[PDB]
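We begin with a single chain expressed as structure tokens, specifically the form deposited in one PDB entry.
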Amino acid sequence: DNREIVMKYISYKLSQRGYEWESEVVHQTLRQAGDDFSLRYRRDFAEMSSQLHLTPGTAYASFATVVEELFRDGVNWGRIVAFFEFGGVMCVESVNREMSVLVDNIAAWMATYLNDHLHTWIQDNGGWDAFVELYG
């Protein structure tokens, strides 16, 4: 369930900051890869979040702009982890700026993006099991 992978990822990024908001191996491997990615690929994430200026009125377009750029010329697992971590970081930034109502909005946008643009690639490339073997 794509909603549940989104909700568990976001819940985790927010709990790491002190904010409260087997399939278990997938969630666990995704948490570890995103934590790893946020340290190792600091430069790529800083470029992604550089032109954000997060407000409720611009958030949808900021998310759509970054995710369209990320996947424009293809899908791989690296970009999928980066998608979860960029969504996570937008949620953390939303709470930090007293825009916590964006968290549910971002979760919706991430679930729709997975269902409509990433589901086919995941299913054609060995599913979440291939992710766990490769990154786990």
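In case it trips you up, residue 1 is the first one in the sequence shown, and so on. Shifts are known only where both forms have a C-alpha. By rigid core we mean the largest C-alpha set that fits within 1.5 Å across both forms.
Below, we turn to the form deposited in another entry, even though it does not appear here.
Superposing the rigid core between this form and the one not shown leaves a single residue from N96, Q32, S49, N76 with a C-alpha shift of at least 2 Å: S49. Annotation: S50/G74 CA-CA distance longer in the other entry than in the displayed model, change of at least 3 Å. Compared with the form shown here, the Cα atoms of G74 and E47 move at least 3 Å farther apart in the other entry. Taking residues common to both forms and aligning the rigid core, Cα displacements of 2 Å or more over three or more consecutive positions between this form and the one not shown occur only in 43-52.
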